[PDB]
């Protein structure tokens, strides 16, 4: 009934506990489960749900052949109950397209989907399940957005978009929406040199987004947004604990205002929680491919170019495939602090497992604990040979 305001700080993060897991590939071996990728999680005031980009076919369906493809007319943003798999019969379509974001402002949910050919893409902004505003491509090269949830404050929901080359200078914009309408947009400023797929969270200080430099960087760009003034700045995570993938080995001095070099023209969506001594970074374990996942406690990672881990937790073993990761929080939970959460996309199939002709994923998700909890590891769990 009222817009949510970001009035709390992050809860102290001493470990991570299991929040959700859908086992979608395991179940989809023998159930009508939609092929997906680019999943995330987002909360309403009364419910938290899984989100992803469907490929408009089930995994066992013959149309799963070719689903490594990123952008087709058969994709849509869908949502479904927490820890259920995305099935044909329980998935709610939020909008049509092949790149998305979504968030609830306390009153209603805004969802954004982009569709179109590479040179003529357009975003449609939905609010309370109705289309409200539209944004045409500005650089005519795959207009695209976060692939995880946005964050709102007093009705204002900033969203990061990029249009242009994925392997060079591009045109990144921050849009400020309210009830789906465009209040304002800004071109990217600050020292981040390339921006993709921002993972955002909000707290009393403002909104923090950790992104993917797909051009020259293996450190992650950060965009900090003031949703009241509707302004932002950008830089990189200063820490030498590098968190993109693929990536070089960790040095002892990171880079605050420029890409850390070694790997070009690639990356993976990821996230971090940047909160002084309460700072935690997520990354794939492997420096070469999207396998494994760990959280590392790196004090002042955002600002300290010497910072190293003082604690950690394995989420997925290096022997198991991971993928995209991003942040979300239940802004409507009771208590005096916001509990940090994240999900990890567990990609199965192509390109790495090419005995099948499809690409899909399942989801695992965690939230922070003030306890120091024992760790497990959370594989997708499907046997690829069952699909042969």
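Residue numbers count along the first chain shown, from 1.
Comparing 126 to 134 with 95 to 103, which has the greater mean CA B-factor as deposited?
Per the deposited B-factors, the answer is 126 to 134.
Taking only the CA atoms, which stretch has the higher mean B-factor in the record, 73 to 81 or 229 to 237?
Comparing 73 to 81 with 229 to 237, the higher mean C-alpha B-factor belongs to 229 to 237.
Out of 120, 87, 146, 219, whose C-alpha atom has the biggest B factor in the entry?
Max CA B-factor in the entry, restricted to 120, 87, 146, 219: 219.
Which one of 200, 112, 315, 183 shows the top CA temperature factor in the record?
Of 200, 112, 315, 183, 183 has the highest C-alpha B-factor.
Chain third (lowest, middle, highest) by recorded CA B-factor, residue given as residue 306
Middle third of the chain for residue 306's C-alpha B-factor.
For residue 223, the third of its chain into which the C-alpha B factor falls
According to the entry, residue 223 has a C-alpha B-factor in the chain's middle third.
What third of the chain does residue 159 rank in for C-alpha temperature factor, lowest, middle or highest?
CA B-factor rank for residue 159: middle third.
Splitting the chain's C-alpha B-factors into thirds, which one does residue 256 fall into?
Its C-alpha B-factor belongs to the highest third of this chain's values.
Ordered by C-alpha B-factor within the chain, which third holds residue 288? Give me lowest, middle or highest, please.
Answer is highest: the recorded C-alpha B-factor places it there.
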